[PDB]
Each structure stands twice: as structure tokens, then as C-alpha cells.
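Heads up, the thing below is written out as C-alpha cells.
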Amino acid sequence: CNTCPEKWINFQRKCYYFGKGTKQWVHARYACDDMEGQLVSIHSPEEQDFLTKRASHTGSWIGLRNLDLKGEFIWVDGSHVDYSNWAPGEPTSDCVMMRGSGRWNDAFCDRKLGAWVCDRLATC
Ligand SMILES: [Ca+2]
């Protein structure tokens with residue numbers, strides 16, 4: 001399965017949308033939902049590398065958040081963290097962003113970032 005909607009990019013069995021324009025995290029979450037995807041989940045180094053190659057230099061929202069501040073970071077699709085790419089010292093805790101390096105930072109959810117990444121399953 002490697003088919004994606006127009007404007008989305010395939011990697012492996014998924015499709016990705018590199019969104020641009022100011023969003024706080026929840027607004028990015030809904031922006032992805034409006035296009036029938038979700039804020040991206042990341043489950044391998046190879047997926048991460050694909051994303052880093054396209055990462056906004058001024059940071060991007062991804063689909064990880066410290067749910068109900070129950071203290072566990074969980075992906076928006078409900079999957080759990082098995083792969084991680086935290087920047088040194090992170091998480092400091094919120095909502096998670098990807099730096100230009102691809103590394104992750106937990107941040108205030110009301111922070112305004114210029115980019116955000118969505119995913120969905122590729123069709124076959
Ligand atoms: Ca942090």
C-alpha cells in the first residue's frame with residue numbers, strides 16, 4: 001500500500017501532510033482531522049528520518065501529548081510510545097513538538113508554531 005491523496009507524501013504504509021501556517025497544538029490536531037488524518041505518530045527510526053528530512057526549521061507539532069496530564073505521553077491515535085526521539089533533557093514536564101533536528105520537546109499547548117504534520121494510512 002503506497003497510494004496517498006493529492007498533496008500528501010508516502011513513506012512505507014503511511015501518508016503524510018506537511019502543514020504550514022500558525023497553529024497551537026489543539027488547532028493543529030483539528031487541522032489534521034479536517035483533512036481526514038491525525039497529528040503524526042512516530043514508531044521507528046526510519047519513520048523519524050523521513051520526517052526529519054522535511055522538518056520545519058522553526059518547529060512542528062506532532063501527535064504526542066501528556067494525556068490528562070495523567071503523566072503518560074500517548075499518540076493521538078491511541079498508540080503508545082515504543083520509539084522515542086526526545087532532545088537531550090526532554091521531556092521536561094503537555095504537547096509535543098519536533099525541532100528542526102527532528103528531536104522532540106514537550107511544550108505549552110498554547111504555543112504557536114509554524115508547522116505541523118499529519119498522517120493517515122496509505123491505500124492499496
Ligand atoms: Ca520541554
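Sequential numbering from 1 along the given sequence is applied to the chain's residues. Computed over heavy atoms, backbone and side chain alike; hydrogens, waters and symmetry mates excluded.
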Under 4.5 Å side-chain linkage, directly or through intermediates, the cluster mates of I42: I9, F11, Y16, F18, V40, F50, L51, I62, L64, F73, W75, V81, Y83, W86, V96, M98, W104, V117
Shared-cluster residues of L67, by chain and number - hydrophobic side chains joined below 4.5 Å: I74
Interatomic distance, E36 atom CD to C15 atom SG [nearest 0.5 angstrom]: 12.5 Å
Distance, nearest 0.5 Å, that separates OG1 of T58 from NZ of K20: 8.5 Å
Could I get the full list of side-chain contact (heavy atoms from CB on, under 4.5 Å) partners for [X], not counting sequence neighbours?
X: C32; answer: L39, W116, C118
X: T92; answer: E90, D106
X: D68; answer: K70

Can you check whether [Y]'s main-chain N or O pairs, donor with acceptor, with [X]'s side chain at less than 3.5 Å?
X: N2; Y: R13; value: no
X: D119; Y: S41; value: yes
X: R120; Y: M35; value: yes

Any residue meeting side-chain hydrogen bond (donor to acceptor under 3.5 Å, both in side chains) with [X], in chain and number order, not counting sequence neighbours:
X: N10; value: none
X: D110; value: none
X: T3; value: none
X: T52; value: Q48

All pairs passing disulfide (SG to SG under 2.5 Å) where residues 74-114 contributes a residue, at least two apart: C95-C109
Atom of [X], atom of [Y] and distance for their closest heavy-atom approach:
X: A31; Y: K23; value: CB-CE, 3.9 Å
X: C1; Y: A122; value: O-CB, 3.6 Å
X: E72; Y: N66; value: N-OD1, 3.1 Å
X: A55; Y: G100; value: CB-O, 3.9 Å

Stepwise side-chain contact (heavy atoms from CB on, under 4.5 Å) test for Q24 and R111: CA-CA 5 Å; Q24 304 175 30; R111 180 169 181 163; over 6 Å; no
Salt bridge (charged side-chain N to carboxylate O under 4.0 Å, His left out) involving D49 - partner list, sequence neighbours excluded: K53
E47: partners by salt bridge (charged side-chain N to carboxylate O under 4.0 Å, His left out), with sequence neighbours left out: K14
Within 6.0 Å of NZ in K112, more than 12 heavy atoms from elsewhere: no
Test: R29 cationic atom under 6.0 Å from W61 six-membered ring centre, within 45° of axis: no
Worked verdict on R65 versus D94 for side-chain contact (heavy atoms from CB on, under 4.5 Å): CA-CA 6 Å; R65 83 291 197 210; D94 305 32; over 6 Å; no
Full working for side-chain contact (heavy atoms from CB on, under 4.5 Å) between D82 and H43: CA-CA 6 Å; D82 59 349; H43 285 292; 2.6 Å; yes
